[PDB]
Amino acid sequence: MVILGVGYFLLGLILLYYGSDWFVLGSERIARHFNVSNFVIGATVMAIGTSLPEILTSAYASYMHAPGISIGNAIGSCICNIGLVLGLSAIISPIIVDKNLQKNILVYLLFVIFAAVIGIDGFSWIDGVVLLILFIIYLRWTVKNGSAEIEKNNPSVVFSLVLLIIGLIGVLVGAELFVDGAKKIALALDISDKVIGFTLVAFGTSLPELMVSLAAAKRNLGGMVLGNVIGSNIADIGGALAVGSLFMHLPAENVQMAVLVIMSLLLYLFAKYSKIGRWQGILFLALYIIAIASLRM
């Protein structure tokens, strides 16, 4: 059963690779269909789609009386999205942020700071309710500001939705096969360790974002990348973390929240006063490496 683990592992990689490109291509077409920016489609449809693992994971974990895993994933994902995911993407395709997209990033920063402050004493179910509402407000605010009001079953639209949906299924299934495949290899080789069993799943929920953003970066879709990262973080907090708090009070993670706030602030400052390019990406990656080397497992 080690061969089937390798089977799942490689097949997961194949589905992630091609699925992410299809998802990106389908999303880019849908953006042009609805007359919205790539940032908007990245921050809404793409972000929610790729944060489905986090939401399910956080909800399940907190339900199973493991609220540390719930908030643990979620904040961990946010750090991964800025540090690793945006870091790699910025180097591949440097981004100069337009003024009204800078506005969206600022709102994101305020959201993260607000979440951090109310999370100092942990996250109650009331905290979750508030975050979820802000999450909803953010989505509507984002769509409208990035929408161009203008107006059968056109083959261009249908094929667009097919690419998106099948692409999304490809990255989600691919991510599961990757994790399950790796988990069965490790079990077959008796090197299985649940202390690292969670870093495999935590990173696993971040695999769709990683592959999607890289694919978009390869096609110079910087707005989509930034949208995906910003939207996924908010979805991780206002969605994944929030739902977790509904089942059980989530323990405070003040160190990790502080790290996220600092990384979010840096992201805003770079977007506002400079660019998100090679050296900003290098800094993000360096910080991420420092985080995974120092933060508690």
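Between two forms, the rigid core is defined as the largest C-alpha subset superposing within 1.5 Å. Counting begins at 1, following the sequence as shown.
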For this session: Figure out for me whether 194 to 202 or 161 to 169 is the more displaced stretch in 9 other deposited structures of this protein, taking RMS C-alpha distance from the shown form once the rigid core is superposed.
Result: 194 to 202
Exercise. In a third or more of the other entries compared, is residue 149 missing its coordinates?
Worked result: yes
For this session: Please count the deposited residues lying between residue 151 and residue 152 that the model leaves without coordinates, and give the class: none, 1 to 3, 4 to 9, or 10 or more.
Result: 4 to 9
Exercise. For the stretches 187 to 195 and 162 to 170, which has the higher mean C-alpha B-factor as given in the deposited record?
Worked result: 187 to 195
Seminar exercise, completed: For 125 to 133 versus 198 to 206, entry-based mean Cα B-factors point to 198 to 206
For this session: Quick one: which of 227, 76, 181, 83 shows the highest Cα temperature factor in the PDB entry?
Result: 181
For this session: Can you pull the Cα B-factors for 142, 100, 213, 93 from the entry and say which is highest?
Result: 100
For this session: For residue 31, return the chain-relative third of its C-alpha B-factor as stated in the PDB record: lowest, middle or highest.
Result: middle
Exercise. If you rank every modelled residue in this chain by C-alpha B factor, which third holds residue 17: lowest, middle or highest?
Worked result: middle
Seminar exercise, completed: Chain-relative C-alpha B factor for residue 24 (record values, thirds): the lowest
Exercise. With respect to C-alpha B-factor, does residue 69 fall in the lowest, middle or highest third of the chain as deposited?
Worked result: highest
Exercise. Residue 38's Cα B-factor: lowest, middle or highest third of the chain?
Worked result: middle
